[PDB]
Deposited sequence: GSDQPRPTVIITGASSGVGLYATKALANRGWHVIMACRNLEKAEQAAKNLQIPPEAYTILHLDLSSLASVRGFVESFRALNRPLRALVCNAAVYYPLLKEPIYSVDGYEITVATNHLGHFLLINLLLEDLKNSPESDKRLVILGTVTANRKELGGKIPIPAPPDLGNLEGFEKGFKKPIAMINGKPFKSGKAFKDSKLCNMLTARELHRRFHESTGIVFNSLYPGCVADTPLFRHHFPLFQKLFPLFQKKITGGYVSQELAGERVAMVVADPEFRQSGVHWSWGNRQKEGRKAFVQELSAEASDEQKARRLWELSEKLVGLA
């Protein structure tokens, strides 16, 4: 009897050490990955036993792929205990936006909108599971409090070319990334508010520390993801765990983001075909 956790972006970095850590605690990790070849090599290289994992293809930049990943998880007939939204892309060199298969600026489309659809479909799976300690963890920003969503003008007007930023202003890829990470935080917050009572699922977020990409190792950061998913200390919905022993804060900490967080959620449903 082995409890199931899905990890997005599990074939490298933090996601890969997180899957290692959770397997060592005796979990069965669904490595939901873009690149099946790299996922297979990585799994074997870290010496993880075949019972501890299953690789399923997931491309967060395609909503058809998010839907299809979900049907494939369901076919396993494994009760879901947890979900980790860890996958993040970042294209620092782009001067011009790239638009996903579904027509959305790719950074926001992958980091936010694809995780948004994934979360919303898997809530059904999460709420129907008979596991008692069910968590949904999102990798977010340093603190729950540069990114600026404005009045969401870009999302209000449908978020298609020529719109490449959530606030409807000219494309900036580094800001797009930060915007996207803000969306992840706002979404965690809003999952707690909308669903924690009705389901009893723990909805939290974390920041495992600054990590070597383009003061903390991938191994440790991955251990810290595992802690947030699995250990009794971290079993509390509505909060952000940060390593800068963790500082904890309420996801709803910043009161003036309340309206934004709600409007973000409603616009996101529209963008991914839930409304």
Deposited seq positions with no alpha-carbon in the coordinates run 1-4, 150-161, 231-254, 285-291
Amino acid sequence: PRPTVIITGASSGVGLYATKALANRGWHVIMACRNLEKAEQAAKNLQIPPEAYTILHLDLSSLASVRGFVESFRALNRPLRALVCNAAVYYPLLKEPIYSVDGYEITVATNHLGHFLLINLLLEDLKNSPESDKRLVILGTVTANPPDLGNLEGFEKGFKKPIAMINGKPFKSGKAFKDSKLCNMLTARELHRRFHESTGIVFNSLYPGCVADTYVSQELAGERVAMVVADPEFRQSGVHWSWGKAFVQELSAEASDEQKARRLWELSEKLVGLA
From here on, numbers count along this sequence of modelled residues.
Going by the entry, of stretches 197-205 and 162-170 the one with greater average Cα B-factor is 197-205
Assert higher mean C-alpha B factor (56-64 or 215-223, deposited values) equals 215-223
When the entry's CA B-factors for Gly103, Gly114, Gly154, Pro79 are compared, the highest one belongs to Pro79
Among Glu96, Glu124, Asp179, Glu190, the highest C-alpha B-factor in the PDB entry belongs to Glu124
Among the modelled residues of its chain, the C-alpha B-factor of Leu16 falls in the third labelled highest
Tertile call for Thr141 (CA temperature factor, within chain, third-based) is the middle
Chain-relative C-alpha B factor for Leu267 (record values, thirds): the lowest
Here the Cα B-factor of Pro147, set against its chain, lands in the third termed middle
Assert third(CA B-factor, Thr110) within chain per record equals lowest
